[PDB]
>>> print(open('model11.txt').read())   # compact mmCIF, C-alpha atoms (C1' of nucleotides) and all ligand atoms
# COMPACT_ATOMS: atom_id res chain seq x y z
CA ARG A 1 -4.66 19.28 30.77
CA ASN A 2 -1.96 21.78 29.66
CA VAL A 3 0.16 19.23 27.69
CA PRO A 4 1.19 20.31 24.11
CA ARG A 5 -1.47 19.99 21.37
CA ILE A 6 1.01 17.97 19.24
CA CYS A 7 0.22 14.46 18.00
CA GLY A 8 2.75 11.90 19.16
CA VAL A 9 2.11 9.72 16.14
CA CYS A 10 2.44 12.14 13.22
CA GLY A 11 3.54 15.48 14.69
CA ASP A 12 0.37 17.02 13.18
CA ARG A 13 -1.67 19.39 15.42
CA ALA A 14 -3.31 17.31 18.18
CA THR A 15 -6.92 18.05 19.21
CA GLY A 16 -6.15 16.59 22.61
CA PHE A 17 -6.20 13.12 24.05
CA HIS A 18 -7.56 10.04 22.41
CA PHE A 19 -7.59 6.50 23.72
CA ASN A 20 -5.01 7.75 26.27
CA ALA A 21 -2.37 9.61 24.24
CA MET A 22 -2.04 13.11 22.70
CA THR A 23 -3.07 12.63 19.03
CA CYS A 24 -4.38 14.35 15.89
CA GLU A 25 -8.02 13.83 14.98
CA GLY A 26 -6.81 11.60 12.17
CA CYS A 27 -4.61 9.14 14.00
CA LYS A 28 -7.38 8.83 16.59
CA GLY A 29 -9.83 7.69 13.91
CA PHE A 30 -7.11 5.42 12.57
CA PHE A 31 -6.10 3.75 15.82
CA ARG A 32 -9.69 2.91 16.62
CA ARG A 33 -10.86 1.52 13.27
CA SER A 34 -7.60 -0.45 13.30
CA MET A 35 -8.42 -2.20 16.55
CA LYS A 36 -12.15 -2.51 15.98
CA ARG A 37 -11.40 -4.23 12.61
CA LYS A 38 -8.47 -6.17 14.10
CA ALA A 39 -6.39 -5.24 11.03
CA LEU A 40 -3.01 -6.82 10.29
CA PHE A 41 -0.80 -4.22 8.67
CA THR A 42 2.69 -5.15 7.44
CA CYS A 43 5.26 -2.53 6.50
CA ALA A 44 6.88 -3.02 3.06
CA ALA A 45 10.07 -1.32 4.25
CA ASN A 46 12.19 -2.66 7.10
CA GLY A 47 9.51 -1.84 9.63
CA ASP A 48 10.67 1.60 10.58
CA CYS A 49 9.40 4.50 8.52
CA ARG A 50 9.05 7.95 10.13
CA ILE A 51 5.47 9.11 10.64
CA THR A 52 4.85 12.73 9.66
CA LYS A 53 1.79 14.91 9.29
CA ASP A 54 2.25 14.35 5.56
CA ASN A 55 3.49 10.84 4.88
CA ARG A 56 1.62 9.04 7.68
CA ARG A 57 -1.04 7.37 5.46
CA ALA A 58 1.97 5.76 3.57
CA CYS A 59 2.85 2.83 5.87
CA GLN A 60 -0.11 1.79 8.09
CA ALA A 61 1.70 -0.98 9.87
CA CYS A 62 4.19 1.55 11.21
CA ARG A 63 1.54 4.21 12.07
CA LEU A 64 -0.36 1.66 14.10
CA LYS A 65 2.76 0.32 15.83
CA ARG A 66 3.66 3.92 16.56
CA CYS A 67 0.14 4.68 17.91
CA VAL A 68 0.66 1.72 20.22
CA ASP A 69 4.11 2.73 21.41
CA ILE A 70 3.10 6.22 22.55
CA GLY A 71 0.61 4.39 24.78
CA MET A 72 -2.78 4.44 23.08
CA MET A 73 -4.99 1.76 24.73
CA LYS A 74 -7.72 -0.35 23.14
CA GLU A 75 -9.11 -0.50 26.71
CA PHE A 76 -10.50 2.98 26.08
CA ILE A 77 -12.46 1.78 23.03
CA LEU A 78 -16.09 1.18 23.88
CA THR A 79 -17.31 -2.29 23.05
CA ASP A 80 -20.05 -2.82 20.50
CA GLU A 81 -22.21 -3.77 23.48
CA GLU A 82 -21.68 -0.59 25.57
CA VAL A 83 -22.60 1.55 22.57
CA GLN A 84 -25.83 -0.23 21.49
CA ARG A 85 -26.86 -0.04 25.15
CA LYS A 86 -26.23 3.66 25.82
CA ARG A 87 -27.50 4.54 22.36
CA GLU A 88 -30.76 2.82 23.36
CA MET A 89 -31.32 4.17 26.89
CA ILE A 90 -30.69 7.65 25.56
CA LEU A 91 -32.93 7.13 22.53
CA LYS A 92 -35.75 5.77 24.70
CA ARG A 93 -35.34 8.90 26.83
CA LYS A 94 -36.29 10.88 23.70
CA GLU A 95 -39.77 9.61 24.65
CA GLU A 96 -41.85 12.82 24.42
CA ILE B 1 -3.33 17.79 -15.20
CA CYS B 2 -1.52 14.57 -16.08
CA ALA B 3 2.22 14.96 -15.57
CA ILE B 4 2.54 12.24 -18.19
CA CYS B 5 0.37 12.86 -21.25
CA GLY B 6 -1.02 16.21 -20.14
CA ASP B 7 -4.67 15.26 -20.80
CA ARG B 8 -7.17 15.87 -17.93
CA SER B 9 -6.22 14.39 -14.58
CA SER B 10 -8.66 12.18 -12.69
CA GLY B 11 -6.35 12.86 -9.70
CA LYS B 12 -3.11 11.45 -8.24
CA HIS B 13 -2.40 7.74 -8.88
CA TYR B 14 0.53 5.54 -7.86
CA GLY B 15 2.05 8.81 -6.58
CA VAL B 16 1.34 11.22 -9.48
CA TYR B 17 -1.46 13.27 -10.99
CA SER B 18 -2.48 11.51 -14.17
CA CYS B 19 -5.26 10.93 -16.71
CA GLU B 20 -7.22 7.69 -16.58
CA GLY B 21 -5.24 6.44 -19.55
CA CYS B 22 -1.82 6.82 -18.04
CA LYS B 23 -3.24 5.05 -15.00
CA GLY B 24 -4.41 1.92 -16.78
CA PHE B 25 -1.34 1.81 -18.99
CA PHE B 26 0.83 1.93 -15.87
CA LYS B 27 -1.20 -0.67 -14.03
CA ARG B 28 -1.39 -3.10 -16.89
CA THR B 29 2.31 -2.52 -17.49
CA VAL B 30 3.27 -3.63 -13.98
CA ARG B 31 0.67 -6.37 -13.25
CA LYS B 32 1.97 -8.01 -16.46
CA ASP B 33 5.58 -6.97 -16.19
CA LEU B 34 5.41 -6.12 -19.91
CA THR B 35 8.60 -4.75 -21.46
CA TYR B 36 8.61 -2.36 -24.43
CA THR B 37 11.44 -1.39 -26.77
CA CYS B 38 12.01 2.17 -28.04
CA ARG B 39 11.62 2.54 -31.78
CA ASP B 40 13.93 5.56 -31.94
CA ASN B 41 15.97 7.90 -29.80
CA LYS B 42 14.24 7.09 -26.44
CA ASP B 43 13.10 10.71 -25.91
CA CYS B 44 9.88 10.63 -27.89
CA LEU B 45 7.40 13.38 -27.10
CA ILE B 46 4.57 12.09 -24.93
CA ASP B 47 1.22 13.94 -25.01
CA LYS B 48 -2.53 13.35 -25.20
CA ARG B 49 -2.45 12.89 -28.95
CA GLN B 50 0.72 10.80 -29.27
CA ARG B 51 0.93 9.07 -25.95
CA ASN B 52 0.51 5.68 -27.63
CA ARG B 53 3.28 6.34 -30.17
CA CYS B 54 5.92 4.51 -28.08
CA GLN B 55 5.10 2.28 -25.14
CA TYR B 56 8.68 2.20 -23.93
CA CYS B 57 8.96 6.02 -23.61
CA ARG B 58 5.42 6.31 -22.21
CA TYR B 59 5.98 3.89 -19.36
CA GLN B 60 9.52 5.18 -18.96
CA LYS B 61 8.20 8.70 -18.40
CA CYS B 62 5.70 7.33 -15.87
CA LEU B 63 8.63 6.17 -13.73
CA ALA B 64 10.44 9.41 -14.49
CA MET B 65 7.47 11.49 -13.23
CA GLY B 66 7.55 9.41 -10.07
CA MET B 67 5.03 6.65 -10.55
CA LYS B 68 5.73 3.87 -7.98
CA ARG B 69 5.53 0.17 -8.83
CA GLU B 70 4.81 -0.99 -5.25
CA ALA B 71 1.80 1.36 -5.25
CA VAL B 72 0.17 -1.21 -7.57
CA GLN B 73 -1.40 -4.35 -6.18
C1' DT C 1 -4.80 -7.34 -27.24
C1' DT C 2 -4.83 -2.46 -25.50
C1' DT C 3 -7.43 1.48 -24.47
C1' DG C 4 -9.54 4.33 -21.31
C1' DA C 5 -14.03 6.22 -19.72
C1' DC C 6 -16.82 4.45 -15.86
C1' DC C 7 -17.91 2.19 -11.97
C1' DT C 8 -17.07 -0.24 -7.13
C1' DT C 9 -14.85 -0.38 -2.45
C1' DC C 10 -13.23 1.33 1.44
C1' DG C 11 -9.84 3.76 4.42
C1' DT C 12 -9.66 8.98 5.72
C1' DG C 13 -10.23 12.91 8.63
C1' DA C 14 -12.48 17.39 9.48
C1' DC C 15 -16.57 18.51 12.26
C1' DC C 16 -19.92 17.92 15.51
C1' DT C 17 -22.96 16.47 19.46
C1' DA C 18 -22.65 15.11 24.01
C1' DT D 1 -12.79 16.48 29.23
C1' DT D 2 -13.21 13.11 25.21
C1' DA D 3 -16.39 9.09 22.89
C1' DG D 4 -18.73 7.66 18.65
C1' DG D 5 -21.21 9.26 14.18
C1' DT D 6 -20.88 11.76 9.85
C1' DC D 7 -19.74 11.51 5.18
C1' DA D 8 -17.65 13.86 1.31
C1' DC D 9 -13.09 12.57 -0.48
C1' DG D 10 -9.22 10.12 -2.33
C1' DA D 11 -6.95 6.19 -4.56
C1' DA D 12 -6.86 1.20 -5.38
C1' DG D 13 -9.54 -2.11 -7.89
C1' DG D 14 -12.16 -3.53 -11.86
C1' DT D 15 -15.39 -3.85 -16.51
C1' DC D 16 -15.96 -3.93 -21.41
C1' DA D 17 -16.92 -1.36 -25.73
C1' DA D 18 -14.40 0.05 -29.08
ZN ZN E 1 -1.50 12.09 14.31
ZN ZN E 2 6.86 0.74 7.90
ZN ZN E 3 -1.64 10.99 -19.08
ZN ZN E 4 10.01 5.54 -28.27
>>> encode(input="model11.txt", output="structure tokens", more="lines below")
Ligand SMILES: [Zn+2]
Ligand SMILES: [Zn+2]
Ligand SMILES: [Zn+2]
Ligand SMILES: [Zn+2]
Amino acid sequence: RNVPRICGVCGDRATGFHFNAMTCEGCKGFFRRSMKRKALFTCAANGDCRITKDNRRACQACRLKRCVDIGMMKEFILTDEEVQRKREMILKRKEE
Amino acid sequence: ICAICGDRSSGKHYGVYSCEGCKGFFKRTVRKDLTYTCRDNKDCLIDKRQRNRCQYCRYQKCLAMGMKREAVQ
DNA sequence: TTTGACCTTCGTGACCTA
DNA sequence: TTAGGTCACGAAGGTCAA
């Protein structure tokens, strides 16, 4: 796409786009699990730590909120349904 | 390596490499808010062998080496 | 009544197929 | 192109035999 391989959550090296925002392979994994599990993080501090390639894992609540602000959408996360389905059709078409 | 008693380090814990011992002693300490008093000069030497000599100085070092209290649950 | 070796969870992220 | 699946690793918890 030509836009900088830099994660907008933690400044780490981004491997591209994930759920609609340029992110590292780690924050991607995070953002999804977060939504899929419906987690409720709460930042000990005054809700405003700075996410960095190194501290990130420190305050989840802020990471998540940050993921969300740079635009990542849950919309892009396949439902449980969708998955089972595809997984099946494909698997059946293994029929040899 | 445990930055506290020196003994082998299971890995980081509440922010600092540390043996299993210094982990439990630091958990228990917090979860129970125990408070120790130093028997001497408050600069006792803490190591594998004599890490139980003075609870005050042990715990105290833990903080000193950077162990966090809010890291405990 | 404290220890601390051991064990149980579970969130992580680097890698990989598609 | 990105999606989900892997899964080997922490790091927090906990257990109980001394
Ligand atoms: Zn990131
Ligand atoms: Zn925060
Ligand atoms: Zn130690
Ligand atoms: Zn002492």
>>> residues_near_point(input="model11.txt", point="(-15.7, 20.1, 12.9)", cutoff="12 Å", atoms="all atoms listed in the file", output="ChimeraX atom specification")
/A:15,25 /C:13-17 /D:6
>>> interface_residues(input="model11.txt", of="chain C", to="chain B", cutoff="8 Å", atoms="all atoms listed in the file", output="PyMOL selection string")
chain C and resi 3-5
>>> closest_residue(input="model11.txt", among="A:26, A:94, A:89, A:51", to="chain C", atoms="only C-alpha atoms (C1' of nucleotides)")
A:26
>>> residues_near_ligand(input="model11.txt", ligand="ligand ZN 2 (chain E)", cutoff="7 Å", atoms="all atoms listed in the file", output="JSON, numbers by chain")
{"A": [43, 44, 45, 46, 47, 48, 49, 59, 61, 62]}
>>> write_last_selection(input="model11.txt", atoms="C-alpha atoms", output="tab-separated table (two decimals), in the frame of the given file")
chain	number	residue	atom	x	y	z
A	43	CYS	CA	5.26	-2.53	6.50
A	44	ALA	CA	6.88	-3.02	3.06
A	45	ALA	CA	10.07	-1.32	4.25
A	46	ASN	CA	12.19	-2.66	7.10
A	47	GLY	CA	9.51	-1.84	9.63
A	48	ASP	CA	10.67	1.60	10.58
A	49	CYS	CA	9.40	4.50	8.52
A	59	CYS	CA	2.85	2.83	5.87
A	61	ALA	CA	1.70	-0.98	9.87
A	62	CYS	CA	4.19	1.55	11.21
>>> residues_near_point(input="model11.txt", point="(-9.6, 13.5, 24.9)", cutoff="6 Å", atoms="all atoms listed in the file", output="list in words")
residues 16, 17 and 18 of chain A; 2 of chain D
>>> residues_near_ligand(input="model11.txt", ligand="ligand ZN 3 (chain E)", cutoff="12 Å", atoms="all atoms listed in the file", output="ChimeraX atom specification")
/B:1-13,16-26,46-52,58-59,61-62,65,67 /C:4
>>> write_last_selection(input="model11.txt", atoms="C-alpha atoms (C1' of nucleotides)", output="PDB file, keeping the file's coordinate frame")
ATOM      1  CA  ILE B   1      -3.330  17.790 -15.200  1.00  0.00           C
ATOM      2  CA  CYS B   2      -1.520  14.570 -16.080  1.00  0.00           C
ATOM      3  CA  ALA B   3       2.220  14.960 -15.570  1.00  0.00           C
ATOM      4  CA  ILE B   4       2.540  12.240 -18.190  1.00  0.00           C
ATOM      5  CA  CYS B   5       0.370  12.860 -21.250  1.00  0.00           C
ATOM      6  CA  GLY B   6      -1.020  16.210 -20.140  1.00  0.00           C
ATOM      7  CA  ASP B   7      -4.670  15.260 -20.800  1.00  0.00           C
ATOM      8  CA  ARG B   8      -7.170  15.870 -17.930  1.00  0.00           C
ATOM      9  CA  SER B   9      -6.220  14.390 -14.580  1.00  0.00           C
ATOM     10  CA  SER B  10      -8.660  12.180 -12.690  1.00  0.00           C
ATOM     11  CA  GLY B  11      -6.350  12.860  -9.700  1.00  0.00           C
ATOM     12  CA  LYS B  12      -3.110  11.450  -8.240  1.00  0.00           C
ATOM     13  CA  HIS B  13      -2.400   7.740  -8.880  1.00  0.00           C
ATOM     14  CA  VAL B  16       1.340  11.220  -9.480  1.00  0.00           C
ATOM     15  CA  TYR B  17      -1.460  13.270 -10.990  1.00  0.00           C
ATOM     16  CA  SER B  18      -2.480  11.510 -14.170  1.00  0.00           C
ATOM     17  CA  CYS B  19      -5.260  10.930 -16.710  1.00  0.00           C
ATOM     18  CA  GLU B  20      -7.220   7.690 -16.580  1.00  0.00           C
ATOM     19  CA  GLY B  21      -5.240   6.440 -19.550  1.00  0.00           C
ATOM     20  CA  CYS B  22      -1.820   6.820 -18.040  1.00  0.00           C
ATOM     21  CA  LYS B  23      -3.240   5.050 -15.000  1.00  0.00           C
ATOM     22  CA  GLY B  24      -4.410   1.920 -16.780  1.00  0.00           C
ATOM     23  CA  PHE B  25      -1.340   1.810 -18.990  1.00  0.00           C
ATOM     24  CA  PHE B  26       0.830   1.930 -15.870  1.00  0.00           C
ATOM     25  CA  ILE B  46       4.570  12.090 -24.930  1.00  0.00           C
ATOM     26  CA  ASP B  47       1.220  13.940 -25.010  1.00  0.00           C
ATOM     27  CA  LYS B  48      -2.530  13.350 -25.200  1.00  0.00           C
ATOM     28  CA  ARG B  49      -2.450  12.890 -28.950  1.00  0.00           C
ATOM     29  CA  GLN B  50       0.720  10.800 -29.270  1.00  0.00           C
ATOM     30  CA  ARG B  51       0.930   9.070 -25.950  1.00  0.00           C
ATOM     31  CA  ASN B  52       0.510   5.680 -27.630  1.00  0.00           C
ATOM     32  CA  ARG B  58       5.420   6.310 -22.210  1.00  0.00           C
ATOM     33  CA  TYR B  59       5.980   3.890 -19.360  1.00  0.00           C
ATOM     34  CA  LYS B  61       8.200   8.700 -18.400  1.00  0.00           C
ATOM     35  CA  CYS B  62       5.700   7.330 -15.870  1.00  0.00           C
ATOM     36  CA  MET B  65       7.470  11.490 -13.230  1.00  0.00           C
ATOM     37  CA  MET B  67       5.030   6.650 -10.550  1.00  0.00           C
TER      38      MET B  67
ATOM     39  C1'  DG C   4      -9.540   4.330 -21.310  1.00  0.00           C
TER      40       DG C   4
END
>>> residues_around(input="model11.txt", residues="stretch 7-15 of chain D", least_positions_apart="5", cutoff="9 Å", atoms="only C-alpha atoms (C1' of nucleotides)", output="PyMOL selection string")
(chain B and resi 11-14+71-73) or (chain C and resi 6-9+12)
>>> closest_atom_pairs(input="model11.txt", of="chain D", to="chain A", cutoff="9 Å", atoms="all atoms listed in the file", output="tab-separated table")
residue	atom	partner	partner_atom	distance
D:1	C1'	A:1	CA	8.7
D:2	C1'	A:18	CA	7.0
D:3	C1'	A:78	CA	8.0
D:4	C1'	A:83	CA	8.2
>>> residues_near_ligand(input="model11.txt", ligand="ligand ZN 1 (chain E)", cutoff="7 Å", atoms="all atoms listed in the file", output="list in words")
residues 7, 8, 9, 10, 11, 12, 14, 23, 24, 25, 26, 27 and 53 of chain A
>>> atom_distance(input="model11.txt", atom1="atom CA of residue B:60", atom2="atom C1' of residue C:2")
17.5 Å
>>> residues_near_ligand(input="model11.txt", ligand="ligand ZN 4 (chain E)", cutoff="8 Å", atoms="only C-alpha atoms (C1' of nucleotides) and all ligand atoms", output="list in words")
residues 37, 38, 39, 40, 41, 42, 43, 44, 53, 54, 55, 56, 57 and 58 of chain B
>>> closest_residue(input="model11.txt", among="B:70, B:63, B:34, B:29", to="chain A", atoms="all atoms listed in the file")
B:70
>>> closest_residue(input="model11.txt", among="A:85, A:65, A:36, A:28", to="chain C", atoms="only C-alpha atoms (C1' of nucleotides)")
A:28
>>> atom_distance(input="model11.txt", atom1="atom CA of residue A:87", atom2="atom CA of residue A:32")
18.8 Å
>>> closest_residue(input="model11.txt", among="A:93, A:50, A:38, A:57", to="residue C:11", atoms="all atoms listed in the file")
A:57
>>> atom_distance(input="model11.txt", atom1="atom CA of residue A:64", atom2="atom CA of residue A:31")
6.3 Å
>>> closest_residue(input="model11.txt", among="A:21, A:95, A:5, A:79", to="residue A:66", atoms="all atoms listed in the file")
A:21
>>> decode(input="model11.txt", residues="stretch 18-70 of chain A", atoms="C-alpha atoms", output="PDB file, in the first residue's frame")
ATOM      1  CA  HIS A  18      -4.639  -5.449  10.603  1.00  0.00           C
ATOM      2  CA  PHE A  19      -8.320  -4.957  11.298  1.00  0.00           C
ATOM      3  CA  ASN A  20      -7.939  -1.677   9.353  1.00  0.00           C
ATOM      4  CA  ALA A  21      -4.885   0.061  10.841  1.00  0.00           C
ATOM      5  CA  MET A  22      -1.075  -0.231  10.426  1.00  0.00           C
ATOM      6  CA  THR A  23       0.021  -2.470  13.354  1.00  0.00           C
ATOM      7  CA  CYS A  24       2.721  -4.815  14.665  1.00  0.00           C
ATOM      8  CA  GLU A  25       1.998  -8.538  14.613  1.00  0.00           C
ATOM      9  CA  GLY A  26       1.613  -8.340  18.366  1.00  0.00           C
ATOM     10  CA  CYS A  27      -0.946  -5.589  18.763  1.00  0.00           C
ATOM     11  CA  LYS A  28      -2.946  -7.278  15.999  1.00  0.00           C
ATOM     12  CA  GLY A  29      -3.155 -10.487  18.039  1.00  0.00           C
ATOM     13  CA  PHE A  30      -3.968  -8.361  21.065  1.00  0.00           C
ATOM     14  CA  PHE A  31      -6.740  -6.258  19.554  1.00  0.00           C
ATOM     15  CA  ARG A  32      -8.520  -9.323  18.282  1.00  0.00           C
ATOM     16  CA  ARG A  33      -8.386 -11.563  21.361  1.00  0.00           C
ATOM     17  CA  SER A  34      -9.482  -8.452  23.275  1.00  0.00           C
ATOM     18  CA  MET A  35     -12.666  -8.060  21.271  1.00  0.00           C
ATOM     19  CA  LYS A  36     -13.369 -11.745  20.802  1.00  0.00           C
ATOM     20  CA  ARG A  37     -13.145 -12.186  24.629  1.00  0.00           C
ATOM     21  CA  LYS A  38     -14.963  -8.886  25.249  1.00  0.00           C
ATOM     22  CA  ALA A  39     -12.333  -8.018  27.879  1.00  0.00           C
ATOM     23  CA  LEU A  40     -12.715  -5.072  30.265  1.00  0.00           C
ATOM     24  CA  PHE A  41      -9.287  -3.617  30.922  1.00  0.00           C
ATOM     25  CA  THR A  42      -8.857  -0.756  33.402  1.00  0.00           C
ATOM     26  CA  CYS A  43      -5.662   1.280  33.607  1.00  0.00           C
ATOM     27  CA  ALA A  44      -4.179   1.606  37.123  1.00  0.00           C
ATOM     28  CA  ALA A  45      -2.657   4.979  36.226  1.00  0.00           C
ATOM     29  CA  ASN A  46      -4.734   7.980  35.203  1.00  0.00           C
ATOM     30  CA  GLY A  47      -5.717   6.338  31.950  1.00  0.00           C
ATOM     31  CA  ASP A  48      -2.961   7.684  29.781  1.00  0.00           C
ATOM     32  CA  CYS A  49       0.264   5.725  29.635  1.00  0.00           C
ATOM     33  CA  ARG A  50       2.428   5.888  26.485  1.00  0.00           C
ATOM     34  CA  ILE A  51       2.505   2.691  24.444  1.00  0.00           C
ATOM     35  CA  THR A  52       5.972   1.700  23.242  1.00  0.00           C
ATOM     36  CA  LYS A  53       7.449  -1.339  21.559  1.00  0.00           C
ATOM     37  CA  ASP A  54       8.793  -2.197  25.006  1.00  0.00           C
ATOM     38  CA  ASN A  55       6.312  -1.206  27.685  1.00  0.00           C
ATOM     39  CA  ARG A  56       3.094  -1.950  25.765  1.00  0.00           C
ATOM     40  CA  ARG A  57       2.177  -5.183  27.644  1.00  0.00           C
ATOM     41  CA  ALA A  58       2.236  -2.988  30.867  1.00  0.00           C
ATOM     42  CA  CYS A  59      -1.193  -1.302  30.720  1.00  0.00           C
ATOM     43  CA  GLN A  60      -3.695  -3.289  28.577  1.00  0.00           C
ATOM     44  CA  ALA A  61      -6.572  -0.916  29.047  1.00  0.00           C
ATOM     45  CA  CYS A  62      -4.530   1.838  27.406  1.00  0.00           C
ATOM     46  CA  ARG A  63      -3.135  -0.407  24.598  1.00  0.00           C
ATOM     47  CA  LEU A  64      -6.649  -1.432  23.670  1.00  0.00           C
ATOM     48  CA  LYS A  65      -8.016   2.123  23.847  1.00  0.00           C
ATOM     49  CA  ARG A  66      -5.078   3.152  21.709  1.00  0.00           C
ATOM     50  CA  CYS A  67      -5.717   0.310  19.197  1.00  0.00           C
ATOM     51  CA  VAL A  68      -9.255   1.654  18.959  1.00  0.00           C
ATOM     52  CA  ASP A  69      -8.278   5.281  18.485  1.00  0.00           C
ATOM     53  CA  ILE A  70      -5.982   4.662  15.510  1.00  0.00           C
TER      54      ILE A  70
END
